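Chemist: This is the structure I have questions about; it appears just below.
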Amino acid sequence: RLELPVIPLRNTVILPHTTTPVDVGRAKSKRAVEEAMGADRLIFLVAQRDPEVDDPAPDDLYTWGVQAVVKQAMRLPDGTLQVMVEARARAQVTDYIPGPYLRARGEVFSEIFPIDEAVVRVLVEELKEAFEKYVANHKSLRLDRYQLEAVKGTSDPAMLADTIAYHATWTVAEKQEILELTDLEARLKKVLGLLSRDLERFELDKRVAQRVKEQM
Amino acid sequence: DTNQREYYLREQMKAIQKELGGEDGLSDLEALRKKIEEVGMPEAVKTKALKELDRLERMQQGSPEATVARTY
Amino acid sequence: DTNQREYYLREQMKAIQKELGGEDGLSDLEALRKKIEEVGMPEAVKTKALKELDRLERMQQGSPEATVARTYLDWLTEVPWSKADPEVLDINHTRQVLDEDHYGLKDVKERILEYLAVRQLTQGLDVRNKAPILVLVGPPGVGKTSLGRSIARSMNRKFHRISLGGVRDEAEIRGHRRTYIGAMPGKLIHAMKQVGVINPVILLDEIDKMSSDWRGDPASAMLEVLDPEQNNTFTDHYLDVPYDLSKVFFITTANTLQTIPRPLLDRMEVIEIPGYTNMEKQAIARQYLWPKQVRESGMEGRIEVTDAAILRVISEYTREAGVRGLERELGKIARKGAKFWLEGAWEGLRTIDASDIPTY
Amino acid sequence: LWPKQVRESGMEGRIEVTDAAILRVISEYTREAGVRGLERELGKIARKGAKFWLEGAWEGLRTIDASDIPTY
Amino acid sequence: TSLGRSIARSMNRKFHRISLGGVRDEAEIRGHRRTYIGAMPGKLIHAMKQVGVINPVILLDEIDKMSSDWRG
Amino acid sequence: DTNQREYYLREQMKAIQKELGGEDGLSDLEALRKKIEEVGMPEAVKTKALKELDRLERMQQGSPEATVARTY
Amino acid sequence: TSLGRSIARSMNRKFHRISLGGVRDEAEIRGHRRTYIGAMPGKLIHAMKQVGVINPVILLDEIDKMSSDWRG
Ligand SMILES: Nc1ncnc2c1ncn2[C@@H]1O[C@H](COP(=O)(O)OP(=O)(O)O)[C@@H](O)[C@H]1O
């Protein structure tokens, strides 16, 4: 929501509808965690950039803030407050109000359900099959099975799309491009294209590995 | 372990082979062999070309005679 | 998909070649690959660079397949592609340029005026001449190269020079098949790499002072690299996919019309440039030769030479038709003035005159 | 021969040669047994006509009689 | 040469020519046995190479402008 | 079995020829590393020398890489 | 040579001479292709290596006793 505390995300943006733990190590983010504890377990998560600055900055954040309902908040004395957050959907960030701790106001979720939902469900099924093939073949590339088990039995197509997008490994710019796409089918098509690219790379890896063992 | 890794990475480098980029080439002197096959030539030409293709593939580096053979 | 898989191949090789056995290549094949498939040059470069991908990934020391690979890549991606400086197309501009830079015979100017008048009327929905190439015949001293420089300035093009009196085999003007380091593309690709745009004015020096000492007469290669309807789709042995020499200007020079090759005598318009007269040489000295010596040797406001001394030097110290001997005489005058100034100048502006020229 | 010259030198429909001038060129400007000399003379005529037309086009269609040949 | 071009056009095969005049040795027609970099065959092989068809119409230029003193 | 044992033993021979200290297999190798650095060369020369430096870490009876690398 | 040495003294530089009598190969003048051990660089390169200065005075003696032949 608006003027909600902001916790910079660690090393990548946490996509919505995914069961992920988020590390909180810096005290500047700890203060925002404490203030978010006063906002009824609701955090307007705005992520910072690639390799991070030790302190949150009013210019290194992203333009999409995801609103998350915290399942549980467990505390550790090692120095990191690992929070278990299950998000809802993305939302745009108007501007940046400096801190620390940082603040940022947003709006309602940008995920929308357009017309022609038959194509939506067809693309959801196609992407689910493509990701099942992608994960199943990627055992030599170390793709977990709990990630494949966490995408079955979903109601919202956005839930399935974001959950699969998180479980597939690529850079952060493509994740930002996916989160920018508010269309329910554009995100699915982008995930399908990225999975196709990664699967072509996987096929190249298999072919070159076969060549290596043949040479052996 | 260093020697094993070096052999493994040499094998991986040979595997790259360039794939779609390597479709013409195939480790070099292969496209040339196929083009020998592709061009309909007198059988004596075919035999001489195969003989000097066998004379090729002999570490062009440090041997410019392989270069003149490729020119032929 | 092809481009991204080749990008992955680039990433793996640039991660691996750090420990590669051959370091003569410098493991820069991937660093230099930023102009293979991140290229701002046309499809020919892309196709060869795809073929150049095969030539990579080997060792060094004696006839490398990788040093030649990166050398060919650099040659392909450093010769300008589709980049032309904005040329001004005027003949009146040349009318002023051939007056602001030379005393001139006023006879050789008009021949270049004719040729440029042709060059404005480039028709056929393209630019193609099928016409001669400004062969200039005369002594060395006479301002052939300066005429070329003035023409290039008039049309705003980068002038060049590549001697052809030092070529004896069809390999310093041609190439060699790219398979090993130690082979160099011809002098014309050298000149094309020297410039950064696709339309440079190029000069050719002492074509008539070229012979076939070794096996192979460079005349045929000259005719092939120059004929402005077959060279628009031309490469020598070193390069593979054609590079056009149609937009590229070609002015030429020689000393006699007898040893110019007979096949090259096609599309030649002889522009005869004779010597000069003593008054003309005196004006040349007092305008562009003696001032040249003055600010070359460091004589800003130091010494001035009376016209009598200039004409005496011309009539005494040089008889060659060119303005090279007079230039050298005035340069040695500048040297002796540099001394006779370095032991103290009697005034801010010393005076040179015909009385003591043999002293200088 | 002449039409090719004019079509190359960018002067079609903007210069003409009263073929008496062609006779003059043949009888005065070339003594060789072929046409290469004639084609060089007509090339010079084309280029000089282009130059003269480039100092200001005085007409929509030019003409060259036999008299003014030692001016073009 | 223009007659040869007309003949080739009538036969509808790509014309070509090679300035065989000024060739002072047998080596420029037969080449030499390849034993170094820069091993080059004769003029006729060049002509057939740049004409990518096996049935061209080659014009032996200036066939009466040769000399024979050395190298065959 | 014998070849594996021989490779093992020769490799401890390589691993004990490091002059005991293990700073370098040969003194000449570590001398060139600092001599390149201790001389102020342009970015075109120093940067390349830092990459042909990797041809070192070889010894006479092993790879002949250092045989000409040290001379260069 | 003694005038050269005196100029070097006056200029406060390092005199050095490399003889050029009877030289025909670029390998004699400058470096030859990097064939491993053997085929050492040429005369002037060795002269530049001898002096420890980057601005020396080099006396190219009997420079008119050279020769131009094959191999560079
Ligand atoms: N009208 C002119 N005639 C002759 N020389 C001139 C004229 N105007 C200037 N020069 C000078 O004369 C010199 C001729 O030398 P150069 O160009 O080296 O001759 P080349 O290059 O043809 O051997 C030029 O440096 C030029 O500056």
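Note on naming: chains are A, B, ... as they come in the structure tokens, residues start from 1 per chain, ligands start from 1 in the order shown.
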Could you list, as a list in words, the residues of chain B having an atom within 8 Å of chain C when counting only C-alpha atoms?
Modeler: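 Result: residues 9, 13, 16, 17, 18, 20, 21, 22, 24, 25, 26, 27, 28, 60, 61, 62, 63, 64, 67 and 71 of chain B.
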Chemist: Least-squares fit on all C-alpha atoms, paired in order: put chain B onto chain F and return it as an mmCIF file with C-alpha atoms, in the first residue's frame.
Modeler:
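Result file is selection.cif:
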data_model
loop_
_atom_site.group_PDB
_atom_site.id
_atom_site.type_symbol
_atom_site.label_atom_id
_atom_site.label_comp_id
_atom_site.auth_asym_id
_atom_site.auth_seq_id
_atom_site.Cartn_x
_atom_site.Cartn_y
_atom_site.Cartn_z
ATOM 1 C CA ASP B 1 50.173 -50.957 -9.588
ATOM 2 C CA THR B 2 53.174 -49.879 -11.679
ATOM 3 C CA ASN B 3 51.138 -47.170 -13.421
ATOM 4 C CA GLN B 4 49.704 -45.971 -10.102
ATOM 5 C CA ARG B 5 53.181 -45.856 -8.551
ATOM 6 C CA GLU B 6 54.573 -44.018 -11.582
ATOM 7 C CA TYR B 7 51.840 -41.385 -11.308
ATOM 8 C CA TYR B 8 52.450 -41.116 -7.553
ATOM 9 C CA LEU B 9 56.195 -40.592 -8.012
ATOM 10 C CA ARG B 10 55.607 -38.049 -10.781
ATOM 11 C CA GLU B 11 53.354 -36.168 -8.358
ATOM 12 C CA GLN B 12 56.027 -36.407 -5.654
ATOM 13 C CA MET B 13 58.644 -35.101 -8.104
ATOM 14 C CA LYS B 14 56.398 -32.151 -8.970
ATOM 15 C CA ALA B 15 55.891 -31.531 -5.243
ATOM 16 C CA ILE B 16 59.603 -31.348 -4.486
ATOM 17 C CA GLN B 17 59.320 -28.001 -6.442
ATOM 18 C CA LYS B 18 62.699 -27.296 -4.709
ATOM 19 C CA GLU B 19 60.985 -25.371 -1.818
ATOM 20 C CA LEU B 20 63.555 -22.832 -0.476
ATOM 21 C CA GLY B 21 65.747 -23.707 -3.509
ATOM 22 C CA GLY B 22 62.646 -23.180 -5.692
ATOM 23 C CA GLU B 23 61.680 -19.824 -4.083
ATOM 24 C CA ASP B 24 62.978 -18.215 -7.319
ATOM 25 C CA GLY B 25 61.527 -20.314 -10.192
ATOM 26 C CA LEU B 26 58.175 -21.873 -9.070
ATOM 27 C CA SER B 27 58.233 -24.467 -11.974
ATOM 28 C CA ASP B 28 60.012 -21.929 -14.307
ATOM 29 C CA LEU B 29 58.514 -18.842 -16.122
ATOM 30 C CA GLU B 30 57.009 -17.888 -12.708
ATOM 31 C CA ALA B 31 59.929 -15.827 -11.423
ATOM 32 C CA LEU B 32 59.664 -14.308 -14.903
ATOM 33 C CA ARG B 33 55.967 -13.543 -14.405
ATOM 34 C CA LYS B 34 56.673 -11.948 -11.017
ATOM 35 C CA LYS B 35 59.497 -9.868 -12.500
ATOM 36 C CA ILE B 36 57.052 -8.770 -15.200
ATOM 37 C CA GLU B 37 54.810 -7.648 -12.345
ATOM 38 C CA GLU B 38 57.700 -6.177 -10.334
ATOM 39 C CA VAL B 39 59.025 -3.887 -13.100
ATOM 40 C CA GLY B 40 56.762 -0.893 -13.671
ATOM 41 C CA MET B 41 56.089 -0.941 -17.400
ATOM 42 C CA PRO B 42 53.634 0.611 -19.883
ATOM 43 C CA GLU B 43 50.307 -1.204 -19.853
ATOM 44 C CA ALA B 44 50.824 -2.291 -23.467
ATOM 45 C CA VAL B 45 54.094 -3.905 -22.370
ATOM 46 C CA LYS B 46 52.232 -5.683 -19.566
ATOM 47 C CA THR B 47 49.558 -6.985 -21.945
ATOM 48 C CA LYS B 48 52.096 -8.179 -24.526
ATOM 49 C CA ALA B 49 54.222 -9.841 -21.836
ATOM 50 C CA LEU B 50 51.203 -11.645 -20.378
ATOM 51 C CA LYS B 51 50.080 -12.716 -23.858
ATOM 52 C CA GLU B 52 53.444 -14.242 -24.742
ATOM 53 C CA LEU B 53 53.763 -15.716 -21.243
ATOM 54 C CA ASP B 54 50.533 -17.536 -22.045
ATOM 55 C CA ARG B 55 52.239 -18.445 -25.322
ATOM 56 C CA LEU B 56 54.991 -19.874 -23.097
ATOM 57 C CA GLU B 57 54.608 -22.942 -20.837
ATOM 58 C CA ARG B 58 54.132 -25.041 -23.997
ATOM 59 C CA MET B 59 56.662 -27.895 -23.643
ATOM 60 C CA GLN B 60 59.922 -26.097 -24.436
ATOM 61 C CA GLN B 61 61.323 -29.526 -25.309
ATOM 62 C CA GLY B 62 60.820 -30.195 -29.004
ATOM 63 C CA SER B 63 59.767 -26.558 -29.518
ATOM 64 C CA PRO B 64 62.570 -23.977 -29.803
ATOM 65 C CA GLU B 65 59.886 -21.392 -30.591
ATOM 66 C CA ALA B 66 59.208 -21.484 -26.856
ATOM 67 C CA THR B 67 62.924 -20.724 -26.444
ATOM 68 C CA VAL B 68 62.729 -17.665 -28.697
ATOM 69 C CA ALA B 69 59.578 -16.599 -26.834
ATOM 70 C CA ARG B 70 61.519 -16.846 -23.570
ATOM 71 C CA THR B 71 64.306 -14.807 -25.181
ATOM 72 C CA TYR B 72 61.732 -12.134 -26.035
#
Chemist: Neighbours of ligand 1 at 7 Å or closer, counting only C-alpha atoms and all ligand atoms: which residues, as a VMD selection string?
Modeler: chain C and resid 101 to 105 140 to 146 284 288 to 289 323 to 324
Chemist: Based on the backbone DSSP call, show me all residues of chain G assigned alpha helix (DSSP H), as JSON, numbers by chain.
Modeler: {"G": [2, 3, 4, 5, 6, 7, 8, 9, 10, 11, 26, 27, 28, 29, 43, 44, 45, 46, 47, 48, 49, 50]}
Chemist: Define the interface residues of chain D facing chain C as those within 10 Å, counting only C-alpha atoms, and report them as a count of residues only.
Modeler: 19
Chemist: List as a VMD selection string the protein and nucleic acid residues near segment 10-12 of chain G, meaning an atom at most 12 Å away when only C-alpha atoms are counted, but skip any in the same chain fewer than 3 places from it.
Modeler: chain G and resid 3 to 7 15 53 55 to 57
Chemist: Kindly indicate which residue among E:54, E:62, E:19, E:2 lies nearest to chain C, using only C-alpha atoms for the distances.
Modeler: E:19
Chemist: Please identify every residue of chain G that has at least one atom no farther than 10 Å from an atom of chain F, counting only C-alpha atoms, and for each give the shortest atom pair and the distance in Å to one decimal, arranged by chain then increasing number, as a tab-separated table.
Modeler:
residue	atom	partner	partner_atom	distance
G:34	CA	F:68	CA	8.4
G:35	CA	F:68	CA	8.2
G:36	CA	F:68	CA	5.1
G:37	CA	F:68	CA	5.3
G:38	CA	F:68	CA	8.6
G:40	CA	F:71	CA	9.0
G:41	CA	F:72	CA	9.6
Chemist: How would the residues just picked look written out with N, CA and C atoms as an mmCIF file, in the first residue's frame?
Modeler:
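Everything below was put into out_38.cif:
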data_model
loop_
_atom_site.group_PDB
_atom_site.id
_atom_site.type_symbol
_atom_site.label_atom_id
_atom_site.label_comp_id
_atom_site.auth_asym_id
_atom_site.auth_seq_id
_atom_site.Cartn_x
_atom_site.Cartn_y
_atom_site.Cartn_z
ATOM 1 N N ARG G 34 57.946 -16.223 -35.447
ATOM 2 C CA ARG G 34 58.274 -16.824 -34.153
ATOM 3 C C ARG G 34 58.233 -18.344 -34.258
ATOM 4 N N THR G 35 59.213 -18.888 -34.970
ATOM 5 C CA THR G 35 59.547 -20.296 -34.840
ATOM 6 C C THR G 35 60.272 -20.488 -33.515
ATOM 7 N N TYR G 36 59.904 -21.532 -32.775
ATOM 8 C CA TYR G 36 60.537 -21.761 -31.485
ATOM 9 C C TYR G 36 62.020 -22.086 -31.681
ATOM 10 N N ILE G 37 62.709 -22.329 -30.561
ATOM 11 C CA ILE G 37 64.111 -21.951 -30.369
ATOM 12 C C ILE G 37 64.943 -22.143 -31.633
ATOM 13 N N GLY G 38 65.635 -21.079 -32.034
ATOM 14 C CA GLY G 38 66.153 -20.946 -33.381
ATOM 15 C C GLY G 38 65.467 -19.791 -34.086
ATOM 16 N N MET G 40 66.549 -16.464 -34.580
ATOM 17 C CA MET G 40 66.624 -15.351 -33.649
ATOM 18 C C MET G 40 66.336 -14.042 -34.391
ATOM 19 N N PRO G 41 65.814 -13.029 -33.695
ATOM 20 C CA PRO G 41 65.598 -11.720 -34.331
ATOM 21 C C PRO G 41 66.869 -11.137 -34.936
#
Chemist: Which residues, written as a PyMOL selection string, have at least one atom at most 12 Å from residue 68 of chain D, with only C-alpha atoms counted and residues fewer than 3 positions away on the same chain left out?
Modeler: chain D and resi 17-18+20-21+24-25+45+49+63-65+71-72
Chemist: Print the selection's residues with C-alpha atoms to a file, as a short mmCIF file (atom, residue, chain, number, x, y, z; two decimals), in the first residue's frame.
Modeler:
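Result went into result-v6.cif, see below:
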data_model
loop_
_atom_site.label_atom_id
_atom_site.label_comp_id
_atom_site.auth_asym_id
_atom_site.auth_seq_id
_atom_site.Cartn_x
_atom_site.Cartn_y
_atom_site.Cartn_z
CA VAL D 17 25.92 17.01 -82.16
CA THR D 18 25.07 17.93 -85.74
CA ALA D 20 28.58 17.12 -89.57
CA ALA D 21 30.50 17.77 -86.34
CA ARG D 24 34.68 16.98 -88.44
CA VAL D 25 35.89 15.00 -85.41
CA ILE D 45 33.25 16.47 -75.98
CA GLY D 49 29.82 19.95 -72.61
CA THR D 63 23.29 22.03 -80.05
CA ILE D 64 26.82 21.83 -81.46
CA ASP D 65 27.49 22.88 -85.04
CA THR D 71 35.59 25.47 -78.25
CA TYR D 72 33.97 22.34 -76.76
#
Chemist: Would you work out the distance separating atom CA of residue 47 of chain E from atom CA of residue 171 of chain C, expressed in Å to one decimal?
Modeler: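 Distance between the two atoms: 18.6 Å.
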Chemist: Skipping near chain neighbours, those fewer than 5 positions away, what residues fall within 12 Å of residue 31 of chain A using only C-alpha atoms, listed as a ChimeraX atom specification?
Modeler: /A:5-7,24-26,36-38,56,81,99-103
Chemist: Would you mind exporting N, CA and C atoms of the selected residues as a CSV table (one decimal), in the first residue's frame?
Modeler:
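Below is the file part.csv, written as the result:
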chain,number,residue,atom,x,y,z
A,5,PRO,N,6.4,0.6,4.9
A,5,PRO,CA,7.9,0.3,4.9
A,5,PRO,C,8.4,-0.6,3.8
A,6,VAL,N,9.6,-0.3,3.4
A,6,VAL,CA,10.2,-1.0,2.2
A,6,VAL,C,11.4,-1.8,2.7
A,7,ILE,N,11.4,-3.1,2.4
A,7,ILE,CA,12.6,-4.0,2.6
A,7,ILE,C,13.2,-4.3,1.3
A,24,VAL,N,17.1,-10.3,6.0
A,24,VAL,CA,17.1,-8.9,6.4
A,24,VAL,C,18.3,-8.8,7.4
A,25,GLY,N,19.4,-8.3,6.9
A,25,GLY,CA,20.7,-8.2,7.7
A,25,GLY,C,21.1,-6.9,8.2
A,26,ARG,N,20.8,-5.8,7.4
A,26,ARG,CA,21.2,-4.5,7.7
A,26,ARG,C,20.2,-3.8,8.7
A,36,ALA,N,7.0,-2.0,9.7
A,36,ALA,CA,6.0,-2.8,9.0
A,36,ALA,C,5.3,-3.8,10.0
A,37,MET,N,5.9,-4.1,11.1
A,37,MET,CA,5.2,-4.8,12.2
A,37,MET,C,4.0,-4.0,12.7
A,38,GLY,N,4.0,-2.7,12.6
A,38,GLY,CA,2.9,-1.8,12.9
A,38,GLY,C,1.9,-1.6,11.8
A,56,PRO,N,20.4,1.0,2.2
A,56,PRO,CA,19.3,1.3,1.2
A,56,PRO,C,19.4,2.7,0.8
A,81,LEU,N,17.4,-11.3,10.0
A,81,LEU,CA,16.0,-11.5,10.3
A,81,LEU,C,15.3,-12.1,9.1
A,99,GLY,N,15.1,8.0,3.3
A,99,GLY,CA,15.2,7.7,4.7
A,99,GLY,C,16.6,8.0,5.2
A,100,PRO,N,17.2,7.0,5.9
A,100,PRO,CA,16.7,5.7,6.2
A,100,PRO,C,15.8,5.8,7.5
A,101,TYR,N,14.9,4.9,7.6
A,101,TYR,CA,14.5,3.8,6.6
A,101,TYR,C,13.7,4.4,5.5
A,102,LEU,N,13.8,3.8,4.3
A,102,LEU,CA,13.2,4.3,3.1
A,102,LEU,C,11.7,4.1,3.2
A,103,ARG,N,11.0,4.9,2.4
A,103,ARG,CA,9.5,4.9,2.3
A,103,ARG,C,9.1,5.0,0.8
